[PDB]
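Heads up, the chain below is alone and in the form deposited in one PDB entry; it's given as structure tokens.
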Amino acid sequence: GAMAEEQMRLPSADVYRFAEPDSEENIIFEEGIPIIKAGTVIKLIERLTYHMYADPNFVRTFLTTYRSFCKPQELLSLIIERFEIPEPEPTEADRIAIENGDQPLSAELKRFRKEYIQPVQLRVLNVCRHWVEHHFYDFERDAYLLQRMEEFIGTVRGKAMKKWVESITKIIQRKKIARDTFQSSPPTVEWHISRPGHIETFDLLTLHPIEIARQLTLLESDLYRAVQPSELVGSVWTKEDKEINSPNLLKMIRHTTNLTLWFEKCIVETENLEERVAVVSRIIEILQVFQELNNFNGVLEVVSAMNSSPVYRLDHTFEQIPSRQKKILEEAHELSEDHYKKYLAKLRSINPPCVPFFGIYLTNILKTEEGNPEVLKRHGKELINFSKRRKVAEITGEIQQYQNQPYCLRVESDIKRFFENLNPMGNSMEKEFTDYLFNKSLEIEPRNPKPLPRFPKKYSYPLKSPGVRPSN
């Protein structure tokens, strides 16, 4: 019948793997264009380059997430095999015309070429164009992958495929060369005790708190904007090959660790109580400027530092902090309460520019990865859970909508370098250092009923803050 006629027009399974009938044993949809819930790698590839209709949403999500279930080298091989479609044999009337010496009719072959081979091959090139344009990192990481792609794209003889090879060749040309401006007047760079150039005197209390907040916001904005979606998929930042797969993500996390621990270090290594109060007060001022700038990443780094085991227990220090600053810390902490309800409402209400709290995306992605299975079972056969990947991809999409928000703030190279080079842990491991920090906390403020000892001053310069109002 017509169902068999439609199927038998496609190539046979002994010579082509991407043309078997769809069943519950190899592909399932959710509930227009149907959304793919799960399937085999073969069926995913077929639907990635489906002949009847274009599916740009599935292409975007596939190329973002595929590394969680398929290697880059394996993906190339599959789209090559998908491209290399075998043509059906001519009919008996047509076949005899060849050995006689005459041109056949070839109506079934022309229709197959028109409505299958050409459409499928068109979609494969669209995937290649999307791959090189939006995920070039794969090709620069694995040089052999690029040679194969260039070799494949080089050997595509076609009239209708001429524009696609030209466009794909244009992008690799740009990406090869890509290896090697304010709208308003930025405010004047602020200084306090440390002079411009005197980099050896740079410190928490010697730099201006306004400028610490500005330079950290510029730094963190750049780090936030550098993170690519694929770095977050499949928990690849916690796997063995984390440094190659998730370098921008790891830079973000390590900065957060180093800044947070540096705040804690600054506090507990200031053993004199009155000096430690000035240190804590200055960090709260830094948070106030983070809040002015809508650098929520920054705000919650300060909250983390203040809520840490060595700092949160310093009752004698926080007694001397003015109620106004206590309230600022309370309201900052309140952002995180009830699954970040207040934070999320604040982030949606504001206009650009901002730096979103990065930690929440990592938390939610880790929950999705751990909470959903890697594969679904149907009739004994395991199928790749694509909905799991799409949910992770949807979270990385939220990250991307805040990645084009540059600040109207001038960089200070020396202050930038200071914060880029922070190494509060030194040559200690993290657990060792955080044990040291808590042991330091116990020394400076012993647990009751032990007495509170006095300690000498370490700072020879004035501790009064210049405040957080900028000059004008």
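C-alpha atoms forming the largest set that superposes within 1.5 Å between two forms make up the rigid core. Residue indices: 1-based, along the sequence shown.
**Student:** Is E337 a gap in at least one third of the other compared entries?
**Tutor:** Looking at the other entries that model residues on either side of it, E337 is present in every one.
**Student:** Among the other compared PDB entries, is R95 dropped in a third or more?
**Tutor:** Looking at the other entries that model residues on either side of it, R95 is missing from at least a third.
**Student:** According to the entry, how many residues of the deposited sequence fall between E430 and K431 and are not modelled? Options: none, 1 to 3, 4 to 9, 10 or more.
**Tutor:** Missing residues, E430 to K431: none.
**Student:** Mean Cα B factor from the PDB record: higher for 232 to 240, or higher for 292 to 300?
**Tutor:** Averaging CA B-factors over each stretch, the winner is 232 to 240.
**Student:** Which of the two stretches, 87 to 95 or 217 to 225, shows the higher mean Cα temperature factor in the record?
**Tutor:** If you average the C-alpha B-factors of 87 to 95 and of 217 to 225, the larger mean comes out for 87 to 95.
**Student:** Per the entry's Cα B factor values, which of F263, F182, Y402, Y312 stands out as the maximum?
**Tutor:** Comparing C-alpha B-factors across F263, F182, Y402, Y312, the maximum falls on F182.
**Student:** Among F357, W164, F386, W131, where is the Cα B factor highest in this entry?
**Tutor:** Max CA B-factor in the entry, restricted to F357, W164, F386, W131: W164.
**Student:** Name the third of the chain's ranked CA B-factors that contains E398, choosing lowest, middle or highest.
**Tutor:** It belongs to the middle third of the chain when residues are ordered by C-alpha B-factor.
**Student:** Going by what the PDB entry lists, where does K391 fall on CA B-factor within its chain: lowest, middle or highest third?
**Tutor:** Ranked within chain, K391 CA B lands in the middle tercile.
**Student:** Ranking every modelled residue in this chain by its Cα temperature factor as given in the entry, which third contains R47?
**Tutor:** Tercile = middle for this residue's CA B-factor.
**Student:** Based on the entry's values, in what third of the chain does the Cα temperature factor of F139 lie: lowest, middle or highest?
**Tutor:** CA B-factor rank for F139: highest third.
**Student:** Relative to the other modelled residues of the same chain, rank the CA B-factor of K326 and answer lowest, middle or highest third.
**Tutor:** Within its chain, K326 is a lowest-third residue by C-alpha B-factor, going by the deposited values.
The protein also exists as the form deposited in another entry; that form is not presented, and the subsequent description refers to it.
**Student:** If you fit the rigid core and then compare C-alpha positions between this form and the one not shown, only one of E330, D315, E200, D102 moves by 2 Å or more. Name it.
**Tutor:** Between the two forms, the residue that moves is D102.
**Student:** Rigid core fitted, then: does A143 show a CA shift of 2 angstroms or greater between this form and the one not shown?
**Tutor:** No, its C-alpha moves less than 2 Å.
**Student:** Taking the rigid core as the reference frame, tell me whether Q73 has a CA displacement of 2 angstroms or more between this form and the one not shown.
**Tutor:** No, shifts by less than 2 Å.
**Student:** Take the rigid core as the frame of reference and indicate whether the C-alpha of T91 shifts by 2 Å or more between this form and the one not shown.
**Tutor:** Yes, its C-alpha moves 2 Å or more.
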